[PDB]
Structure formats: structure tokens, C-alpha cells
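Structure record follows, encoded as C-alpha cells.
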Amino acid sequence: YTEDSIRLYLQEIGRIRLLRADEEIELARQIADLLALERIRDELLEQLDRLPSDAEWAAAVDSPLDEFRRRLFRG
DNA sequence: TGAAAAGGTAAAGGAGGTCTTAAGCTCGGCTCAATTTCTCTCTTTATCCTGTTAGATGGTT
């Protein structure tokens, strides 16, 4: 039960293991997928002048709402 | 009826206000160089935004 705040942040950091290069490549692919999906949604926002619903966004990707949502989560 | 006793009138003179000029000034207008604002352009910075590919991976006092 330390009072220092920086040391607590450093401990919280140390509870996470460094990535490996293959892990970086794998995560980078999912990040790119998320970015493209976000760009599409942004297009729906311009078309709808409102936030698209997950169903409309899933419809914009021709994807089942479950599959789409899980892909979004992974990203 | 005579006689105070007050009340008038017509002057002279003064006191006071109101007019007239010779001397001088200074004051505004008029011109006319001689310039400070103003308002456009025409730039020229002042400020903000985005990106950067060797590898790096837990503090100092």
C-alpha cells in the first residue's frame, strides 16, 4: 500500500508483457481492419447525418451483426 | 382781519449720463505651401496543423 503515484503506474505497466515482432504484425493487420471499418462507418455517418446503428453498419459490410460485432471487438 | 405756515413755480447751477472723434491695436480671412489621416492594395509574416521508419521498452533525489 504505497502512497507514490508514479511507482504505482510503473507497477501497473510492469503487469504487461512486451510484444514480439510477429505479435506486432498480427496486431497490425487487425488494427488496419478496424481502421477500414471505421472509415466505412464514417461514410455512413456522412450519409445518415447520424451515428449508424450496429445493424446499419453491419448491413453496410454485408456482414451478420454477430460476425461484424466480433470483428469490431477483436480490432 | 391779520397772520402764521404750508405749498407752489420759475430759475442757476451742478451732477450725471450719453454721445462724438484721433491713435492705436489685433484679429480674422484669404491664400497657399506644407504637410498628417485614410483607404485601397499587396505583401508578409504569425499561428496552427500533419508527418518522421535501423533499434530502442519501469525514476532521482
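Be aware that the first sequence starts at 86, since it is given in full-length UniProt numbering, and climbs by one per residue. Beta carbons: idealized from backbone N, C-alpha and C, even for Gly.
| Asked | Found |
| --- | --- |
| For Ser90 and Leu157, the rounded distance between their alpha carbons | 34 Å |
| With 16 other Cβ atoms within 10 Å as the buried cut-off, status of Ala106 | exposed |
| Rounded straight-line distance, which links the Cα of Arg102 to that of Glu108 | 12 Å |
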